[PDB]
Amino acid sequence: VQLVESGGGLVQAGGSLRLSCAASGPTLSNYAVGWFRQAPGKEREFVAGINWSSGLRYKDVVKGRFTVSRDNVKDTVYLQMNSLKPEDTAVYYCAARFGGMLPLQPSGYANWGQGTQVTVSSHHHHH
Amino acid sequence: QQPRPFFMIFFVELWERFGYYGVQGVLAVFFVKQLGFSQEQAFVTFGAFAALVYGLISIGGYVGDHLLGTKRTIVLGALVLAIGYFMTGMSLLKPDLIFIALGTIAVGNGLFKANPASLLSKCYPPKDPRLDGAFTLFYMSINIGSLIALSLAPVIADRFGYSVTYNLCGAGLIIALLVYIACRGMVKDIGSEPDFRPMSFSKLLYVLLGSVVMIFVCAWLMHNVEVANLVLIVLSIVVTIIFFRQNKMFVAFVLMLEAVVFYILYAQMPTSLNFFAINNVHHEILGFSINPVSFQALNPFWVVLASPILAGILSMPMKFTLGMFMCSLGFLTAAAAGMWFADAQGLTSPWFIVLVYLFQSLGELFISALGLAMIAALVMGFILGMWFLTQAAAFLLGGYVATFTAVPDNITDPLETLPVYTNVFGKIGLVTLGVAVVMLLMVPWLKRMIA
Ligand SMILES: CCCCCCCCCCCCO[C@@H]1O[C@H](CO)[C@@H](O[C@H]2O[C@H](CO)[C@@H](O)[C@H](O)[C@H]2O)[C@H](O)[C@H]1O
Ligand SMILES: CCCCCCCCCCCC
Ligand SMILES: CCCCCCCCCC
Ligand SMILES: CCCCCCCC
Ligand SMILES: CCCCCC
């Protein structure tokens, strides 16, 4: 009924971060969990998700870079983000919807975390 | 306004139906999520469960009338039921137990269902004008229990797990038995004949032995639906032939055959319409978030509110024909909502499902409620048994019809599932509409036959 996102932060281009979404009351096991992200001056958009039976959905621009996964024992959902690029910078929210679907728009989801900020810097080491 | 035993029967029946619908509301989701069934497997397994739940009713009527007595058989049915719910709660520790637990519920149901109704009839002088009122309050009793269970059971199961939901079903039965026992004295002179002789232990053991055998047979049939099909095929030809040997039989036969179509449709509420709500409907109504599985409660909801209005307000075959048309509109509405009123993301307003369950419940009030009381009177034990049998066959068929909406576990996009529900609901609506037309065409002929 209430989700909590953790794991955000600041990272350099081409590095990795790992978000986690945890729920409190209900078992997150009955829910498809979708990750949304809002970048400055833009709408919440679907990034990635897992439904209640391991089916996966992804936004095109994160395929082969992000992986959603689920630990049904710890009752926790994860977003591994590799090869992070500056344009991945956003507030990331997790959302829970009962059942097997991952609708693309926020209205499809009733339960929402607060959000964690992810910032990717074009920083690289000096040659 | 009613005899003192009426309230007792009302609340016993309420709590038993509570226990039954607590399971019904969550059973397909339980098969899929907890046991890992595909949607096809869950739907046909649920169809076989329901079929046995309703085809066994005749056993319980016989055991109450002729072997142990109505009140004894109510007690024994409530005990076998409670045991079945606790066994289902125990299935989470012992998954292998699941099919035995469900068989135990089915058999317990076969024992229990006929008897409170049978008891209530005997609470009133034979032509007491309150009778009709009493039996409408009986249906509402059923539907209050249903309304509570379908509302709460999914929420409970989400927050506390299935074992807790099933134990609370058991507990509903325990308190049904407690309220029976506490008020035993209200039905002292009420009963069937074996209720007033001391109990025959010979027969009680025959009944227990036969119950346990049936539990094992039900578990087997539920595990092997592909032969439950053949068993109910051979039984249907057999029951029909004996019926023909025994013209107002033709009238009950045709109204029973039309009821079968009604029961195929009623069997979608826990299966395809349940998963349609899960997959393609917004889970928020009037600003409240809900468990989509709770949407099933819209059927007892609409009965509870409509049945007073529809008690105060042609005749039988027209009443059946009207019911058929309303059911048709319910599925045509579901299809229309999918075809024309969905979101860009593939979701539809829950108000469309509210309207679908309104249509389906009005159909129910015109067929299954009215049909039982008056088809029986127009016709006797044999016909109720055959009605329960055609209901069982209808529920198996319903599970198989539900399989056409079944969604593989990996699909996550509503725009992929919406057209499957929409094609199948549309075709169901159109076939039921044709069925209602032929029914209407036969109304004058069949209404001559009632003379
Ligand atoms: C249309 C049928 C009417 C449904 C009636 C439901 C009975 C009310 C439930 C008990 C009191 C409310 O308790 C709670 O309310 C929240 C928000 O309302 C709901 O929703 C929360 O839990 C349920 C299941 O547990 C989730 O599927 C849901 O998405 C979640 O956000 C649930 O329904 C219920 O967990
Ligand atoms: C009111 C008398 C109740 C009698 C209960 C006897 C139970 C018999 C068990 C037989 C085991 C197969
Ligand atoms: C009340 C009887 C419980 C039987 C449980 C069977 C489970 C066997 C799994 C090894
Ligand atoms: C009125 C009590 C009936 C007893 C039936 C119980 C059989 C185990
Ligand atoms: C009586 C109808 C049977 C249908 C078999 C597919």
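Chain identifiers are assigned alphabetically (A, B, ...) following the order of the sequence lines, protein sequences preceding nucleic acid strands; residue numbering begins at 1 within each chain.
A donor-acceptor contact closer than 3.5 angstrom is absent between the side chains of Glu364(B) and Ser368(B). Donor-acceptor pairing under 3.5 Å is recorded for the side chains of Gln345(B) and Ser107(A). Counted by atom type alone, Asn299(B) and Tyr266(B) present zero donor-acceptor pairs between their side chains at under 3.5 Å.
For the pair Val407(B)/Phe275(B), no side-chain contact is recorded, criterion being any heavy-atom separation below 4.5 Å from C-beta on. Side chains of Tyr21(B) and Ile148(B) form no contact here, defined as non-hydrogen atoms less than 4.5 Å apart. Side-chain contact check for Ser307(B) versus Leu365(B): some heavy-atom pair is nearer than 4.5 Å. A heavy-atom distance below 4.5 Å is found between the side chains of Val1(A) and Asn111(A). Side chains of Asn109(B) and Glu16(B) form a contact here, defined as non-hydrogen atoms less than 4.5 Å apart. Here the side chains of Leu150(B) and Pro300(B) are in contact, with some heavy-atom distance below 4.5 Å. Under the 4.5 Å side-chain criterion, counting only non-hydrogen atoms from C-beta, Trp351(B) is in contact with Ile285(B). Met140(B) places a side-chain heavy atom less than 4.5 Å from the side chain of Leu137(B).
Other residues, nucleotides and ligands contribute more than 12 heavy atoms inside 6.0 Å of the NZ atom of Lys188(B). The 12-atom threshold is exceeded at CZ of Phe243(B), counting heavy atoms of other residues, nucleotides or ligands nearer than 6.0 Å. Counting heavy atoms of neighbouring residues, nucleotides and ligands inside a 6.0 Å radius, atom CD of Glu40(B) does not exceed 12 of them. Within a 6.0 Å radius of OH in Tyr62(B), other residues, nucleotides and ligands contribute 12 heavy atoms or fewer. No more than 12 heavy-atom neighbours from other residues, nucleotides or ligands sit within 6.0 angstrom of CZ on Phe250(B). Annotation for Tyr400(B): atom OH does not count as buried by contact number, only 12 or fewer foreign heavy atoms lying within 6.0 Å. At most 12 non-hydrogen atoms from other residues, nucleotides or ligands lie less than 6.0 angstrom from CG of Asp132(B).
Ring geometry, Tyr54(B) versus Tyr20(B): the interplanar angle exceeds 60°, so the pair is classed perpendicular (tilted spans 30 to 60°). Aromatic ring orientation, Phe10(B) versus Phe6(B): tilted (interplanar angle from 30° to 60°).
Here the CD1-CE distance, from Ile181(B) to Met8(B), works out to 11.0 Å after rounding to the nearest 0.5 Å. Taken to the nearest 0.5 Å, the NZ atom of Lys122(B) stands 10.5 Å off from the CD1 atom of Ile9(B). Put simply, CD1 on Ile156(B) and CG on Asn167(B) are 12.0 Å apart, with the number rounded to the nearest 0.5 Å. Annotation: the span from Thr45(B) atom OG1 to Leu102(B) atom CG amounts to 9.5 Å, rounded to 0.5 Å. Note that the CD atom of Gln360(B) and the CD atom of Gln268(B) stand 9.0 Å from one another [nearest 0.5 Å]. Atom OG of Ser58(B) and atom CG of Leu384(B) lie 8.5 Å apart (nearest 0.5 Å).
Residues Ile74(B) and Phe112(B) approach most closely at O-CD1, 3.7 Å, considering heavy atoms. In terms of heavy atoms, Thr136(B) sits closest to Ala311(B) at CG2-CB, 4.2 Å. Shown here for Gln2(B) and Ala134(B), the closest heavy-atom pair between the two residues is OE1-CB, 3.8 Å. Here the closest non-hydrogen pair linking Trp387(B) and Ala259(B) is NE1-CB, 4.0 Å. Nearest heavy-atom pair, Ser118(B) versus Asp65(B), reported as atom, atom and distance to 0.1 Å: OG-OD1, 4.3 Å. Pairing each heavy atom of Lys447(B) with each of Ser315(B), the nearest pair is CD-OG, 4.1 Å.
Side-chain N or O atoms of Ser236(B) include one that pairs as donor or acceptor with a backbone N or O of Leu232(B) at under 3.5 Å. Between the side chain of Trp302(B) and the backbone N or O of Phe359(B) there is no donor-acceptor pair closer than 3.5 Å. No donor-acceptor pair under 3.5 Å is formed between the side chain of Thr432(B) and the backbone N or O of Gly429(B). Looking only at distances, a side-chain donor or acceptor of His283(B) sits under 3.5 Å from a matching main-chain atom of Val281(B). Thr390(B) places no side-chain N or O within donor-acceptor distance of the main-chain N or O of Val260(B), the cut-off being under 3.5 Å. With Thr271(B) contributing its side chain and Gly399(B) its backbone, the two residues share no donor-acceptor pair below 3.5 Å. Not a single donor-acceptor pair under 3.5 Å links the side chain of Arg97(A) to the backbone N or O of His282(B). One N or O on the side chain of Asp195(B) and one on the backbone of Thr70(B) form a donor-acceptor pair closer than 3.5 Å. Under a 3.5 Å cut-off, the side chain of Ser328(B) and the backbone N or O of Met324(B) do not form any donor-acceptor pair. Remark: the backbone N or O of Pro414(B) is paired with a side-chain donor or acceptor of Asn280(B) at under 3.5 angstrom.
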**OP:** Let me see the working for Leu418(B) and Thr348(B) under side chain to side chain contact (heavy atoms under 4.5 Å, CB included), right down to the final yes or no.
**Re:** CA-CA 9 Å; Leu418(B) 199 49; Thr348(B) 195; 5.8 Å; no
**OP:** Verify side chain to side chain contact (heavy atoms under 4.5 Å, CB included) between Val379(B) and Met249(B), making sure each step is shown before the conclusion.
**Re:** CA-CA 7 Å; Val379(B) 167; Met249(B) 294 292 102; 3.7 Å; yes
**OP:** Give the intermediate values and the outcome of side chain to side chain contact (heavy atoms under 4.5 Å, CB included) for residues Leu314(B) and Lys319(B).
**Re:** CA-CA 7 Å; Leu314(B) 317 186; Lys319(B) 286 173 160 158; over 6 Å; no
**OP:** List the steps and the verdict of side chain to side chain contact (heavy atoms under 4.5 Å, CB included) for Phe331(B) and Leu273(B).
**Re:** CA-CA 10 Å; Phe331(B) 280 83; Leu273(B) 282 163; 4.2 Å; yes
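Aromatic rings from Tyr166(B) and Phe30(B) are positioned such that their centres are separated by under 6.0 Å.
The only option from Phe341(B), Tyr421(B), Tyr357(B), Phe425(B) that meets the ring-ring contact (aromatic ring centres under 6.0 Å, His included) definition with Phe352(B) turns out to be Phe341(B).
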